[PDB]
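Visitor: One structure coming up, written as structure tokens, with questions to follow.
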Amino acid sequence: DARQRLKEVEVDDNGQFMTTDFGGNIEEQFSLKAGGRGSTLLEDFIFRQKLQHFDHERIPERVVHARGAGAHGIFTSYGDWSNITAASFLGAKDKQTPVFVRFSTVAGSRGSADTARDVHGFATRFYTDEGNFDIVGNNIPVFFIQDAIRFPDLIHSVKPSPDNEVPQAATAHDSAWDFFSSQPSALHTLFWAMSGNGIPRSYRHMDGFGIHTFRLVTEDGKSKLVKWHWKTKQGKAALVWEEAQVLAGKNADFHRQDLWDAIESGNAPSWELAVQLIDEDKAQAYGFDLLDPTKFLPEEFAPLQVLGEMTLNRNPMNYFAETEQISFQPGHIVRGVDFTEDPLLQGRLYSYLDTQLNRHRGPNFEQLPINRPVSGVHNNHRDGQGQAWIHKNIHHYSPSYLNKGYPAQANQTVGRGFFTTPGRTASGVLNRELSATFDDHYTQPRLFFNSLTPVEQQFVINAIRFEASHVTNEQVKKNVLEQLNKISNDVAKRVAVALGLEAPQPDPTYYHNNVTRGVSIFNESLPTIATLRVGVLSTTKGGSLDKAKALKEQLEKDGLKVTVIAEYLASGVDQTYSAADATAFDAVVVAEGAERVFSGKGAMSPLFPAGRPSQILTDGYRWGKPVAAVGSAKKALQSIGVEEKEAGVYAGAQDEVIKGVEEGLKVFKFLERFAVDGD
Amino acid sequence: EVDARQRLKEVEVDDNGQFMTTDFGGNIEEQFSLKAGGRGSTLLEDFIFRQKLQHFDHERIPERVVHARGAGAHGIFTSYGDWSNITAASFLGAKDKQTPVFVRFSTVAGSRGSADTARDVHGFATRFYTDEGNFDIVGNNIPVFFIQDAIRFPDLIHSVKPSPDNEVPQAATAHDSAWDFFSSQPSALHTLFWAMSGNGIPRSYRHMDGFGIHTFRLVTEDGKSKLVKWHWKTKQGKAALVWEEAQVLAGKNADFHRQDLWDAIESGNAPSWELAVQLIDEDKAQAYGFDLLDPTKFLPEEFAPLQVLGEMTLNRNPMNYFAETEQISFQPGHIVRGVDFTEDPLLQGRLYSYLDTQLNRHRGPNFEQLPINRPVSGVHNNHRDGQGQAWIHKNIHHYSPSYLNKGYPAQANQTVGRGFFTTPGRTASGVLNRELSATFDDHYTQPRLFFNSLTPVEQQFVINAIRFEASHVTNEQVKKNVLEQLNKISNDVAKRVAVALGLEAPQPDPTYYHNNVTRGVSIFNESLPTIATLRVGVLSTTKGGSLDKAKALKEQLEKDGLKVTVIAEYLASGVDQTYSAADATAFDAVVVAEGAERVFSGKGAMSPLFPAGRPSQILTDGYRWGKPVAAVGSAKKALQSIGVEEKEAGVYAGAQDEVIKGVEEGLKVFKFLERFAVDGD
Ligand code: HEM
Ligand code: HEM
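Chains B and A supply the protein sequences, listed in that same order.
Residue numbers for the first sequence follow the entry's author numbering, so the first one is 38 and each next one is one higher.
Residue numbers for the second sequence follow the entry's author numbering, so the first one is 36 and each next one is one higher.
Okay, structure coming up:
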């Protein structure tokens, strides 16, 4: 068990009388008053100690990635990688290292919607026997900016307007689009955010990326450039913006519940840890600088090499103490790994340590159960707000005769200490400039777009069309279209149409037809299901419930959790029609003999809002979800204009519906149900 | 005539025409990090980077423990006359006396980023910048609170807020913990009925009635007191959404109420509220069938008519949400001479709590020195030092009594220096105890008086809310416990909810059953006194010259006071919003322009510009949500594609004379309750 180290700090209050924070049994339900109908007394210590705790419960949210969720896990190494890295969690076969991952959005505040369109976070803590190792990544391999100094500018621009604080968890506003049109480096991550990567189905159906180039140092000192990758065993799956908008309102904790449910149900999510190895001498050899966070390395130039697997088997016991309080830092490095001269990475090392003081009100944030390592801490650090420990060592300085030299210095040769790569050199003038090798901002965005399916590319343009239509400034819209035209003239002309402006001037400078693998979401098929969310639209009258229960049993057999929807909570009913919605499910199936409730008199029930069952079916189909009807249920599809056999849509008997709807999920989303330009 | 934000001028910072500087002055370049070479590592000696990033890393302060999600506006309070006969207050001390105000509206369970249109109790908190100190009426949009003793506040909040294990759900009461508390604490049943009604999901902050909840005292110069109940009556009228609309709006626009207020002030149509009071004699505190020290019960208008004292209008929007709205620290303990507290156990514990919490949110005691918190009256006290002391105090003898400071600052009381004083008649009698009065024992009469005072359809919205919320409880015993409590209020309410849950509800308990009705509790009975600031959506098309006909409809409507948005495939000559960007939740009236029927049927519906079947959905949504729908000329085919009658109540068909005047009529009604199914058919 990964949570074993937290068992000593775990409190049970069952079978116990109410006490104050300083001990002693009490009754915290009545205030001390001066008489029967009298004023409350200052001498009521019980009231004050209870309310003081409550009044001071909240800590500041993270400056970015405020909205998110975590889970505990176990990382297992596939073999001894001592040849490539001196890391401890990697230099052994089948070595089990405890982990904790916190996935998140960006612009969104603490209460923002899980299904908002943003870059997603993928922060992973490795509780190594040689210290805490963090890979604070994102679901997109590229970042918006090239210099960390520009981070406040990017965040201030994407986040709500400073005058009214509108909008929440969105980039559809003047300020955000002014920055992208003024900082062309931001164009690659935009294309990724405008794609399926911006609105994924779940945290489990996400690929993770360390973004930066790092170094892997061997015992001897030989280094190799490295790129961290987290490949999902569940496969990449994404929603559609029209679905995503409804889900943000119907269930703002969509991803948060998706993860929680998976772990509890037994189907724990997995990720393979892959790397891209690059020689120090081939840092600019691939047509771009590897110190550039706006560019990613294609799989064709460097194949991915799997090092191990990380699975999340335990959910937290207290969201605050664990998920909210966890303080990640990319500066949480161990012997075997080292930084690169990536200007974005360089500034992050400072920022993450600094911010911790605001969020936690002191320096002992690493003493918190969720942050503390398993390796042990022996240093000269003393005092500070909320000191949890009592240091036996009175000679808290170095060098020293009195402490016989303890704690001792460790480096490369002795005590397995951390060391910077010996080959690393500083050369040239001290300056506040950026390398000329960082000047290309249009080639890489087009490589991604050219590597997506025709309907996927539309989704990218249908996100930009949506977002840009919110810009009130006419000049910002033109500035955006000028930048988009530099990537692709096709992309620019398609967006231009929705905006009412006409500015097509093909600039063939960065135009190319090159395609890269592993960037598409829907192109590959779903491996296991294991997804799942199947909604069964049934009714309380006509014995449809009994037929729906039979479908529920047979479908769950392949490792699923099917929810039966009816007018009220009968014998086999899990959700009602007023509580249920199409956003909650991936597959919508209408049970046999489900009325007359789709268009007849049965549609007008005081139990659910007018025309609800019909809406769940309508929504599913338009969102590309595989829809199904058993026997008589064909009239449900006909009431809106849906043909018997087309894409995912399958009719017939009981077993005839089960087989096919399962195949639909492998495709997940039916792209043929979406209008592409030129038709 | 005057700017309500005049006092914040002193602190405004213009950066137009200025070069980038550090926090300690000096012109700088904050766009490139200092590196050791061309492709080198960043240097620690880069003070520019560190000072820029340090400020950014320390931008966030903790959100409010409750009422985290909300938005404010500056305003001017005007008195209708000289109320010296009823109160010694300065702001009520003269006719047409203008007192600067600042109101913050909010939810409760929702966090900083939560949706504005969620089902919660709404906050309504007013700061009066009196020439006699800051006076706060920290109230809600419901006249009654859930609990009777302030000591139980953490219990109520912990129960309604997200589960501690997973932090699910956000801004909702549809979960085991919240419904276990209501079934275990029957005092919570009145506010529940209010939260389950239209009061729980209002149309806007401007279409809300505000209540001070507690009973207070109004002290005259002489010392004579009168029990009082604060009320804020909206000049805009009470208007509420429907749950099915509210759920879609939370996703489509989570800043719905935040924008609604912002737009109103900018457009010129500033919101107004009349300040009304309920006067009660000290001796008649238990005379009305309930204790007036009870926050779970309200006083009916039939026993005590409302008396208007003045009017408050919000004419100025903030310049910086953080510095103003986020940083404002309200306290019901912000009292002035003329007003006094009552022995209300909920009020008593609030006075402590609100002052305490500021130390967490602001990390020090000088939170009152912040521009938004500072009074206009002037500050003279021996308070010194403290985190972030903004002032240089001139008096070196910071104590009392003192010979050296000549007795300054001097003590003020009732007779000298117009100081605050507690009501002289106020007495303490009896044993010191941890109990509650027997007069607080009734928790079922008042919930039933509210329910009996709602229209038949309104009553269904209460029923359905409970049906929706309770269906989320996973525990079978909690659902039974809830139905047992509901049965104590009304057997009809209990049996209707029971149906949705699958479990029957025994057994009629006629103890607190009555057919009494009270006025001014219904949201949907009375029609809106004005139609301004009401959004209307015009569904038009780029083909067939429909745009030109839509612009004509937009012109005649905008001159009435309404805010008109023309929806089409792309942003043409007169297009404000596209079909992919627009939704029915954004508007109060949905009108289909002549020649727009083309995007309802055939290939017109299948466009790469908007999602499949969008125009139809906006029209479908508007009708099912009870919004007045309209069609000009041939646009009758649009209504026919879903099954809507042109002569139905709320539906308008004809010309660009009949629609324009016919729609604006339906807006006065706001929501057509006839389209909603009631039990018994
Ligand atoms: C490749 C670029 C970046 C990635 C992948 C990234 C990713 C993340 C993630 C995933 C988190 C939240 C971690 C968690 O779940 O607790 C985070 C937090 C944060 N990031 Fe970034 N970040 C990037 C760049 C930056 C930069 C350039 C800065 C500033 C120099 C920065 C400053 C922060 C800060 C201050 C926080 C809050 C952390 C905390 O309160 O613990 N990040 N970042
Ligand atoms: C009639 C009952 C109550 C009403 C009407 C009420 C109303 C409000 C409102 C409207 C706010 C937010 C003010 C703003 O816009 O900034 C607020 C905040 C708060 N309330 Fe209540 N409240 C009530 C009872 C309580 C009780 C019983 C307690 C605890 C004893 C309490 C503790 C707080 C605290 C700690 C905050 C946060 C204030 C801040 O951070 O400035 N409230 N309340």
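The beta carbon of each residue, even a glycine, is placed where N, CA and C say it ideally should be.
If we count Cβ pairs, one from each stretch, closer than 8 Å, do we get three or more for the segment 502-519 of chain A versus the segment 611-622 of chain B?
Guide: Touching, per the Cβ criterion.
Visitor: Can you tell me whether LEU334 (chain B) sits near ligand 1, meaning its C-beta is under 7 Å from at least one heavy atom of the ligand?
Guide: No, the Cβ of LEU334 (chain B) stays beyond 7 Å of every heavy atom of ligand 1.
Visitor: Entirely within the segment 557-613 of chain A and at least 3 residues each: give me those beta strand (DSSP E) ranges in chain order.
Guide: Counting whole runs of 3 or more residues, the segment 557-613 of chain A contains the beta strand (DSSP E) stretches 570-574 and 598-603.
Visitor: With a threshold of 7 Å (Cβ to nearest heavy atom), would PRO221 (chain A) be considered close to ligand 1?
Guide: Not so, every heavy atom of ligand 1 lies at least 7 Å from the Cβ.
Visitor: Hey, quick one: how far does the beta strand (DSSP E) through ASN350 (chain A) stretch, first residue to last?
Guide: Segment 342-351, the beta strand (DSSP E) holding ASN350 (chain A).
Visitor: Around the Cβ of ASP151 (chain B), are there at least 16 other Cβ atoms within 10 angstroms (buried) or fewer (exposed)?
Guide: Buried is the call here.
Visitor: What does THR613 (chain B) reach in chain A if we use C-beta pairs closer than 7 Å?
Guide: Result: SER506 and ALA535.
Visitor: Give me the chain B residues within the contact set of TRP297 (chain A), using Cβ-Cβ distance strictly less than 8 Å, ordered along the chain.
Guide: In chain order: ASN201 and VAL203.
Visitor: Report the partner residues of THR165 (chain B) according to the DSSP bridge assignment.
Guide: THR165 (chain B) is bridged to B:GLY168.
Visitor: Check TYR687 (chain B) in the structure and name its three-state DSSP category.
Guide: The answer is strand: DSSP assigns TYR687 (chain B) an E or B state.
Visitor: So if I threshold CB-CB distances at 7 Å, which residues from the segment 371-396 of chain B count as touching chain A?
Guide: Those residues of the segment 371-396 of chain B that come within reach of chain A (Cβ to Cβ, closer than 7 Å) are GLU378, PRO380, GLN383, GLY384, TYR387, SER388, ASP391, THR392 and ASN395.
Visitor: Under 6 Å Cβ to Cβ from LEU314 (chain B), same chain only, skipping five residues before and after it: list those, please.
Guide: Closer than 6 Å at the Cβ level, and outside the excluded window around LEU314 (chain B), lie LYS261.
Visitor: Can you tell me whether DSSP reads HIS225 (chain A) as helix, strand or coil?
Guide: Three-state result, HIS225 (chain A): helix.
Visitor: Name the residue from A:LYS196, A:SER472, A:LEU592 and A:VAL138 whose alpha carbon lies nearest to the alpha carbon of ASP171 (chain A).
Guide: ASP171 (chain A) has its Cα closest to that of A:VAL138, out of A:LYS196, A:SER472, A:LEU592 and A:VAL138.
Visitor: So if I threshold CB-CB distances at 9 Å, which residues from the segment 84-95 of chain A count as touching chain B?
Guide: For the segment 84-95 of chain A, which is checked against every Cβ of chain B, the residues closer than 9 Å are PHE84, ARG85, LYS87, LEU88, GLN89, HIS90, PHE91, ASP92, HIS93, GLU94 and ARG95.
Visitor: For the segment 436-454 of chain A, list every residue whose C-beta sits within 7 Å of some C-beta in chain B, in sequence order.
Guide: So nothing in the stretch comes that close.
Visitor: How many Å lie between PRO97 (chain B) and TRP660 (chain B) at the Cα?
Guide: Going by the C-alpha atoms only, they are around 37 Å apart.
Visitor: How would you list, in chain order, the residues of chain A whose beta-carbon sits under 9 Å from the beta-carbon of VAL283 (chain B)?
Guide: Within chain A, the residues near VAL283 (chain B) are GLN282, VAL283, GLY286 and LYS287.
Visitor: Between the Cα of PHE188 (chain A) and the Cα atoms of A:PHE645, A:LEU386, A:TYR115 and A:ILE602, which residue gives the shortest distance?
Guide: Nearest of A:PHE645, A:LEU386, A:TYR115 and A:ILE602 to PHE188 (chain A), Cα basis: A:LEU386.
Visitor: Step through the CB atoms of chain B and report whether any lies within less than 8 Å of the CB of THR77 (chain A).
Guide: Taking Cβ atoms only, chain B reaches closer than 8 Å to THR77 (chain A), which makes this a yes.
Visitor: Find out if the Cβ-Cβ distance for the pair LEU588 (chain B), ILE653 (chain B) is shorter than 8 Å.
Guide: No, the Cβ-Cβ distance between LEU588 (chain B) and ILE653 (chain B) is not below 8 Å.
Visitor: Tell whether a beta-carbon distance below 8 Å holds between residue 721 (chain B) and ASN448 (chain B).
Guide: There is simply no residue 721 (chain B) to check, as chain B begins at 38 and stops at 716 in what is shown.
Visitor: Is there a Cβ of chain B sitting closer than 8 Å to that of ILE186 (chain A), yes or no?
Guide: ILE186 (chain A) counts as touching chain B.
Visitor: Which residue comes first and which comes last in the alpha helix (DSSP H) that contains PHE338 (chain B)?
Guide: Premise fails: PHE338 (chain B) is in no alpha helix (DSSP H) and is neither H nor E.
Visitor: Relative to the alpha-carbon of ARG554 (chain A), which residue among A:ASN304, A:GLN675, A:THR348 and A:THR490 has its alpha-carbon at the smallest distance?
Guide: Selected option, being the one with the closest Cα: A:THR490.
Visitor: For the alpha helix (DSSP H) that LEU489 (chain A) lies in, which residues bound it at each end?
Guide: Neither: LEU489 (chain A) is in no alpha helix (DSSP H) and is coded neither H nor E.
Visitor: Check the Cβ of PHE503 (chain A) against every Cβ in chain B and list those closer than 9 Å, keeping chain order.
Guide: Within chain B, the residues near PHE503 (chain A) are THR613, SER615 and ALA616.
Visitor: Within the same chain, show all residues whose beta-carbon is closer than 6 Å to that of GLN404 (chain A), passing over the 5 residues directly before and after it, in chain order.
Guide: Excluding sequence neighbours, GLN404 (chain A) sits near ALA425.
Visitor: Does ligand 1 have even one heavy atom less than 7 Å from the beta-carbon of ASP716 (chain A)?
Guide: No, ligand 1 has no heavy atom inside 7 Å of this Cβ.
Visitor: For ligand 1, I want to know if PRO367 (chain A) counts as a neighbour, meaning its beta carbon is within less than 7 Å of at least one of the ligand's heavy atoms.
Guide: No, the Cβ of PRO367 (chain A) stays beyond 7 Å of every heavy atom of ligand 1.
Visitor: Take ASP716 (chain A) as the anchor and find which of B:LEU644, B:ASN355, B:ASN487 and B:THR546 has the nearest alpha-carbon.
Guide: When each option's Cα is compared against that of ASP716 (chain A), the closest is B:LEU644.
Visitor: With DSSP as the reference, label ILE653 (chain A) as helix, strand or coil.
Guide: Helix at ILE653 (chain A).
Visitor: Between the alpha carbons of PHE365 (chain A) and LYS264 (chain A), how many angstroms are there, rounded?
Guide: Looking at the two C-alpha atoms, the distance is approximately 19 Å.
Visitor: Going by the C-beta, is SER388 (chain A) closer than 7 Å to any heavy atom of ligand 2?
Guide: It does: the Cβ of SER388 (chain A) is within 7 Å (strictly closer) of some heavy atom of ligand 2.
Visitor: With DSSP as the reference, identify every bridge partner of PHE137 (chain A), one or two as the case may be.
Guide: DSSP, once it has assigned bridges, lists A:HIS109 and A:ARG162 as partnering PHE137 (chain A).
Visitor: Give me, in chain order, the residues of the same chain whose beta-carbon lies closer than 6 Å to that of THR122 (chain A); leave out the 5 immediate sequence neighbours on both sides.
Guide: So the qualifying residues of the chain are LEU253 and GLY373.
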